[PDB]
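Peer 1: Right, I'll just put the structure down here and ask away after.
What follows is calculated from the coordinates using simple rules that are stated; it is not laboratory data. A quick note on method: Cβ atoms are made from the backbone with ideal geometry, for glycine too, and the neighbour counts reach across all protein chains shown.
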Amino acid sequence: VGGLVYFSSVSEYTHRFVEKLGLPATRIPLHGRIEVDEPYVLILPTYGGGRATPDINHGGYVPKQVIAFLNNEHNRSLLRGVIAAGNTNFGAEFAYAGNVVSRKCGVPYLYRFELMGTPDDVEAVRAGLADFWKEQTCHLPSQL
Ligand SMILES: Cc1cc2nc3c(=O)[nH]c(=O)nc-3n(C[C@H](O)[C@H](O)[C@H](O)COP(=O)(O)O)c2cc1C
Ligand SMILES: O=S([O-])[O-]
Ligand SMILES: [O-][O-]
Ligand SMILES: [Cl-]
């Protein structure tokens, strides 16, 4: 099973989405450092915002705890993709933390959803993660 790491604030919407997924995951805490050991997709919500014509370098979209988690070189090395949450009322900033992580960390942006996600989002992410980890079996070392 693929690795999953997520962050969720007091509103618990990303936590609720992860619980609906039926896939195990590690939660980045409100404070404190953690470490992981195997490759993972990161699920994160978007904060900050308000800028109608945004830029991926304007700070505040990626939760500070996620930035700290990815400052650990080992954690960062194991990131393989990102899924982001937000609120489409933010328009050009919808789920922008996914844009920031994907572009600045150089990993694919797999999916995005609103708040705790719909049943269709849950199914799409389950299927998308299965396809994602299957594709890694096309990158195996030579045995010769
Ligand atoms: C202070 C604040 C700023 C937010 N900024 C954005 C934003 O820029 N873009 C976006 O799509 N959603 C934004 N949101 C919506 C959150 O990403 C959304 O509510 C998310 O589901 C919260 O996830 P969580 O409950 O796991 O923390 C913001 C929410 C808050 C409270
Ligand atoms: O409340 S959390 O986003 O620091
Ligand atoms: O920073 O990935
Ligand atoms: Cl809060």
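Peer 1: Out of (1) under 21 Å from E123 (Cβ atoms); (2) in contact (Cβ under 8 Å) with a residue 40 or more places away in the chain; (3) not in a helix (DSSP H, G or I), what's the single condition that is false for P24?
Peer 2: (2)
Peer 1: Any chance region 68-90 includes a residue that's surrounded by fewer than 18 Cβ atoms within 10 Å (Cβ to Cβ), among the acidic types (D, E) and more than 18 Å from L21 (Cβ to Cβ)?
Peer 2: yes
Peer 1: Condition check: among the small types (G, A, S) and either within 16 Å of ligand 4 (Cβ to nearest atom) or surrounded by 12 or more Cβ atoms within 10 Å (Cβ to Cβ) (or both). Does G59 satisfy that? Please lay out each step first, then the result.
Peer 2: Details: among the small types (G, A, S): yes; either within 16 Å of ligand 4 (Cβ to nearest atom) or surrounded by 12 or more Cβ atoms within 10 Å (Cβ to Cβ) (or both): no.
So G59 fails the test.
Peer 1: Can you name every residue in region 95-109 that is crowded, with 19+ Cβ neighbours inside 10 Å and among the hydrophobic types (A, V, I, L, M, F, W, C)?
Peer 2: Answer for region 95-109, where residues must be crowded, with 19+ Cβ neighbours inside 10 Å and among the hydrophobic types (A, V, I, L, M, F, W, C): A95, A97, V100, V101.
Peer 1: What residue, of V18, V5, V36, is within 13 Å of the chain's Cα centre (by Cα), aliphatic (A, V, I, L, M) and within 16 Å of ligand 3 (Cβ to nearest atom)? Show your work before the answer.
Peer 2: Details: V18 fails: within 16 Å of ligand 3 (Cβ to nearest atom); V36 fails: within 13 Å of the chain's Cα centre (by Cα).
After applying the criteria, what remains is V5.
Peer 1: Can you list the helices (runs of 4 or more DSSP H) lying wholly within region 49-127 that have 3 or more residues being in contact (Cβ under 8 Å) with a residue 12 or more places away in the chain, closer than 19 Å to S9 by Cα and aliphatic (A, V, I, L, M)? Reasoning before the result, please.
Peer 2: Details: elements: 64-71, 73-77, 96-105.
Filter on region 49-127 gives 64-71, 96-105.
Peer 1: Which of the residues belonging to region 30-48 are touching a residue at least 12 places away in the same chain (Cβ under 8 Å) and over 27 Å from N89 (Cα atoms)?
Peer 2: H31, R33, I34, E35, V36, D37, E38, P39, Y40
Okay, residues lined up against (1) of a type in the set (S, T, N, Q); (2) at positive phi:
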{"site": "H31", "(1), (2)": "no, no"}
{"site": "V62", "(1), (2)": "no, no"}
{"site": "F94", "(1), (2)": "no, no"}
{"site": "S102", "(1), (2)": "yes, no"}
{"site": "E114", "(1), (2)": "no, no"}
{"site": "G117", "(1), (2)": "no, yes"}
